[PDB]
Amino acid sequence: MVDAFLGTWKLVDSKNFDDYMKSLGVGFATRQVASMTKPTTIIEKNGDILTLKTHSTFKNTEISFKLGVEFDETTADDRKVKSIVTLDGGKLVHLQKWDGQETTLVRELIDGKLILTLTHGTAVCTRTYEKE
Ligand SMILES: O=S(=O)(O)c1cccc2cccc(Nc3ccccc3)c12
C-alpha cells in the first residue's frame, strides 16, 4: 500500500552510497559533502499524483508523478532522465533512463523503516530512513 509510505523519513544509515554516486558521475568534492549529510524524504499523495521530496543541507529536489505513467525528471545530481514509478507488491520501483543508461531506486518498508535500494549496473547502495 502506497499509503504506508506517506510521511517524513530521515536517513539513519547508508551503505555503499559513495560508489553509487561515483558510478553516476558525481565528482569527489561533492561526494564528500553528500555522504556526511542526513536527508529527509517526504512522500505525499493528492488523489492519484504522488510527490516525493528530498530535503537536506546538500540538495533539495521534488518529483510528482502518477504510477505507471512515464515522466521527465531532473535529478539531484543534474541528470536529465525519463522516469517511471510503479508499485510491485508493496515495493515502490523507480526506473530512470538517460543516454542509454539505466538506474533503479527501490523503496520498501522493512521493520517500520523505509529502505531504499539504489542500483546502477553493478553499484548497489542501500539507505535506511526512520519515520519522523
Ligand atoms: O539521494 S538521492 O536524491 O536519491 C540521489 C539519488 C541518485 C543520485 C544522487 C546523487 C547525488 C546526490 C543524491 N541525493 C542526495 C540528496 C541529499 C543529500 C545527499 C544526497 C542522489
Side-chain angles (χ1 to χ4, degrees):
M1 172 77 314
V2 198
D3 298 321
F5 287 87
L6 317 182
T8 292
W9 301 95
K10 167 74 151 200
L11 188 86
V12 290
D13 187 61
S14 181
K15 290 155 181 13
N16 205 36
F17 193 41
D18 178 76
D19 180 54
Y20 175 79
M21 300 192 275
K22 179 175 105 191
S23 184
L24 293 161
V26 190
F28 181 86
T30 309
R31 296 209 305 286
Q32 291 311 327
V33 187
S35 83
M36 229 38 112
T37 224
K38 296 176 92 232
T40 298
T41 307
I42 300 145
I43 309 193
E44 299 179 347
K45 134 278 222 184
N46 190 317
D48 56 359
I49 286 136
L50 305 199
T51 293
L52 194 161
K53 324 182 210 210
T54 289
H55 286 161
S56 75
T57 63
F58 173 59
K59 270 280 290 225
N60 268 206
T61 57
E62 98 166 42
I63 65 162
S64 312
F65 53 87
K66 292 187 193 181
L67 302 170
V69 176
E70 180 183 299
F71 69 101
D72 302 293
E73 170 185 3
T74 278
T75 61
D77 63 311
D78 286 313
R79 272 170 302 120
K80 292 283 191 90
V81 314
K82 222 98 205 158
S83 285
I84 196 150
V85 185
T86 68
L87 182 74
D88 302 350
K91 300 181 211 218
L92 216 47
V93 181
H94 186 179
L95 171 64
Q96 297 175 332
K97 304 143 165 146
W98 77 109
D99 322 299
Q101 266 310 344
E102 310 195 317
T103 196
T104 54
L105 295 96
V106 184
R107 294 198 170 75
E108 59 201 287
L109 297 332
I110 312 278
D111 307 338
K113 301 158 169 301
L114 179 139
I115 315 309
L116 164 66
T117 313
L118 313 154
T119 309
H120 178 229
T122 44
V124 182
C125 164
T126 232
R127 279 160 76 78
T128 301
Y129 303 80
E130 294 197 344
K131 174 165 267 184
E132 190 166 299

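Along the sequence shown, the residues carry numbers beginning at 1. These values consider heavy atoms only, across backbone and side chains, with no hydrogens, waters or symmetry-generated copies.
- From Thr75, atom OG1 reaches atom CH2 of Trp98 across 8.0 Å, with rounding to the nearest 0.5 Å.
- Looking at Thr117, its side chain never comes within 3.5 Å of a backbone N or O of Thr126 through a donor-acceptor pair.
- Between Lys45 and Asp3 there is a salt bridge, with a side-chain nitrogen of the basic residue lying less than 4.0 Å from a carboxylate oxygen of the acidic one.
- Annotation: the span from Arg31 atom CZ to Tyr20 atom OH amounts to 13.5 Å, rounded to 0.5 Å.
- Formation of a donor-acceptor pair under 3.5 Å by the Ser56 side chain with backbone atoms of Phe58 is found in this model.
- To the nearest 0.5 Å, atoms CG (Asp77) and CE (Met21) are separated by 9.5 Å.
- With contacts defined as side-chain heavy-atom distances shorter than 4.5 Å, the pair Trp9/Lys131 qualifies.
- No side-chain heavy atom of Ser35 sits less than 4.5 Å from a side-chain heavy atom of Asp18.
- A donor-acceptor pair is defined here as one N or O able to donate and one able to accept, closer than 3.5 Å; no such pair exists between the side chain of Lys66 and the backbone of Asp48.
- Under a hydrophobic-cluster definition in which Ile, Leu, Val, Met, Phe, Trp and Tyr are linked whenever side-chain heavy atoms come within less than 4.5 Å, directly or via other members, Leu118 and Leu109 are assigned to the same cluster.
- Under a hydrophobic-cluster definition in which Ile, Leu, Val, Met, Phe, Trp and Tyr are linked whenever side-chain heavy atoms come within less than 4.5 Å, directly or via other members, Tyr129 and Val2 are assigned to the same cluster.
- The pair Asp13-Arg127 does not count as a salt bridge, with every side-chain nitrogen at least 4.0 angstrom from each carboxylate oxygen.
- Between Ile43 and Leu50 the shortest side-chain heavy-atom distance does not fall below 4.5 Å.
- Taking CG of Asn60 as the start and OG1 of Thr40 as the end, the distance is 9.5 Å to the nearest 0.5 Å.
- With rounding to the nearest 0.5 Å, the separation of CE in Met36 from OG1 in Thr57 is 12.0 Å.
- Counting heavy-atom neighbours within 6.0 Å of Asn46 CG, excluding the residue itself, gives a total of 12 or less.
- In terms of heavy atoms, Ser83 sits closest to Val81 at OG-CG2, 3.2 Å.
- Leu105 and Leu6 fall within the same hydrophobic cluster, where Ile, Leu, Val, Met, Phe, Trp and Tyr residues are linked whenever their side-chain heavy atoms come under 4.5 Å apart, directly or through other members.
- Here the closest non-hydrogen pair linking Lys59 and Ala76 is NZ-O, 3.2 Å.
- Here the closest non-hydrogen pair linking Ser64 and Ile49 is CB-CG2, 4.0 Å.
- One finds no salt bridge joining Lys113 and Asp111 here, because no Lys/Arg side-chain nitrogen approaches an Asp/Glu carboxylate oxygen to under 4.0 Å.
- Heavy atoms only, all atoms of each residue included: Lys10 and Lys38 are closest at NZ-O, 3.2 Å.
- Looking at heavy atoms from C-beta onward, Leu52 lies out of side-chain contact with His94 at the 4.5 angstrom threshold.
- Counting non-hydrogen atoms of other residues, nucleotides and ligands closer than 6.0 Å to NZ of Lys80 gives a total of 12 or fewer.
- Taking CG of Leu92 as the reference point, atom CG of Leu116 lies at 10.0 Å (rounded to 0.5 Å).
- If you chain together hydrophobic residues whose side chains sit under 4.5 Å apart, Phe65 and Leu87 fall into the same group.
- A pairwise comparison of heavy atoms in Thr37 and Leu11 identifies O-CD2, 3.7 Å as the closest pair.
- Contact record, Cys125 with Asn16: CB-O, 3.7 Å, taken as the closest heavy-atom pair.
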